[PDB]
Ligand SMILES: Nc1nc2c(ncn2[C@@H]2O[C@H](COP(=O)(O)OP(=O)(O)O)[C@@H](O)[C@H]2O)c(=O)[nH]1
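Below, in structure tokens: the form solved without guanosine-5'-diphosphate (GDP), a single chain.
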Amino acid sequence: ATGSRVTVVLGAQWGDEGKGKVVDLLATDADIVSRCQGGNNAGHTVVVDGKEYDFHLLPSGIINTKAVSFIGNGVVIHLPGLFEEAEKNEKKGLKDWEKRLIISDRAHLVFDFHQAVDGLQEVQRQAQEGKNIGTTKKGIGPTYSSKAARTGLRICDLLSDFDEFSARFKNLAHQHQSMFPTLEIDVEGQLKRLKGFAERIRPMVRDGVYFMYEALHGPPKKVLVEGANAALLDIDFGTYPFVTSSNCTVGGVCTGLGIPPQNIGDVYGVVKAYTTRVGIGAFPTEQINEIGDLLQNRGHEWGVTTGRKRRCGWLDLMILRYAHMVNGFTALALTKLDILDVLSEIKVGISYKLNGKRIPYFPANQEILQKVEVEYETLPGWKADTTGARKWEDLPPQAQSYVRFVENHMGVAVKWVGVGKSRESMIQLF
């Protein structure tokens, strides 16, 4: 009737929750593993067989040779970066990837100048207002602005008449040089490279809408959708303007792939045992102290895309319940629980107080979020190493209580618990 329903993995915080780990796991027997929104500003690390892979644009299931990796229409692609990412992983064993990667011809293109303007605008905001967004400078925002302006160019444009394309590229090139006179654009060189890219990508392009429709209404197939960024980075629902420029929430799956809501099955909310965010913006449970350094250090909290040190803090339920209100999580994945193995006590934010009084819901004005005072509940730590745990019973009593604590306050079941970096580290609960 409605066909197959896709399985979705979404970030429930400010990203870096370990989505690639849940996806790689769910990907072992998936037919299609796809990318939604965003671009290579996203950065995941997959650990399979004591082997580490850094992915940005490639769906994590690219490691599965029996599965087809798909990039949807909502994604913005930077060609030089795409192949750069792929080749970087070939050196690690990634083979025959081009033969199992499909790209929707409606995806927009991130050009080199889009990346430069991104940095330029950032430097501008940091020199004029003394405070910028903390973008990854990958040109994601500028690319989505062009998309909204309908001046941007897409995969299908690239594979179409090159003369027409070139003409459009040039027009788009000058426009950015108008609002940004100090922007340098080697138009001839970029076009030359792009023409080379056109042929390397031609065989991998397909009409995306038709591709997915056919996979969902033909014989049963397991389709997995990898979310990028996270709920609180969502352009609409995040801590605007300190967010990414795409919808990282469930709605983004429908708009990024061309599938209706009835073709969405399980939606997993990836929740890191503690909270982090890299970039500018309000962070209520942020711990800028000894505890903060400990989480950061033990969690190897560094952006894989930029390398910047991530800000760390306690789990925050306010943002998790908000994320759930928008995403409607069917189940949760609690990752990096082992990072807390050495804490005698573990605090978790349960509500935000403003001038001494609890606010009823997550605020739209991120500034108010800067003045709130977090109400914490202090749970007992387990002070034991859980990295070797492979089943629920291997977890000490207090670690188990922590898991249940989240499960009970969310009203959503925890299906996986991460105690390591390897695919085996995950603990399936049901």
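Each form is matched to the other, and the largest set of C-alpha atoms that superpose within 1.5 Å is called the rigid core. One rule holds for the numbers: they count along the sequence shown, beginning at 1.
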item: Greater Cα displacement in 8 other deposited structures of this protein once the core is superposed, comparing 41-49 with 360-368; value: 41-49
item: Core-aligned Cα RMS comparison in 8 other deposited structures of this protein - stretch that moves more, 209-217 or 293-301; value: 293-301
item: Mean Cα B-factor comparison, 311-319 or 206-214, giving the higher one as deposited; value: 206-214
item: Between 48-56 and 28-36 (mean CA B-factor, as deposited), the higher; value: 48-56
item: Given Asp234, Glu301, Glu345, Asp157, the residue at which the Cα B factor reaches its maximum; value: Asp157
item: Candidate residues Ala127, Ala282, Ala273, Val75, the one whose C-alpha B factor the record puts highest; value: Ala127
item: Third assignment of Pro261 from its chain's C-alpha B-factors; value: middle
item: Ranked against its chain, the third holding the CA B-factor of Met426; value: highest
item: Ranked against its chain, the third holding the CA B-factor of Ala1; value: highest
item: Within-chain third of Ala230 by Cα B-factor, per the entry; value: lowest
item: Modelled-residue ranking by C-alpha temperature factor, third containing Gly93; value: highest
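FYI, the form solved in complex with guanosine-5'-diphosphate (GDP) isn't displayed, but the following is about it.
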property: Partner-contacting position among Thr335, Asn327, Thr143, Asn247 - heavy atom within 4.5 Å of guanosine-5'-diphosphate (GDP) in the deposited complex; result: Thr335
property: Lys347, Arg310, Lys222, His108 - the one with a heavy atom within 4.5 Å of guanosine-5'-diphosphate (GDP) in the deposited complex; result: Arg310
property: is_contact(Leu194, guanosine-5'-diphosphate (GDP)) in the deposited complex, heavy atom dist at most 4.5 Å; result: no
property: Contact label in the deposited complex: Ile339 to guanosine-5'-diphosphate (GDP), heavy atom within 4.5 Å; result: yes
property: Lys421: touches guanosine-5'-diphosphate (GDP) in the deposited complex, heavy atom cutoff 4.5 angstroms; result: yes
property: Partner contact for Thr45 in the deposited complex: guanosine-5'-diphosphate (GDP), 4.5 angstroms, heavy atom; result: yes
property: One stretch from 64-72, 37-45, 375-383, 400-408 that, in the deposited complex, holds residues within 4.5 Å of guanosine-5'-diphosphate (GDP) by heavy atom; result: 37-45
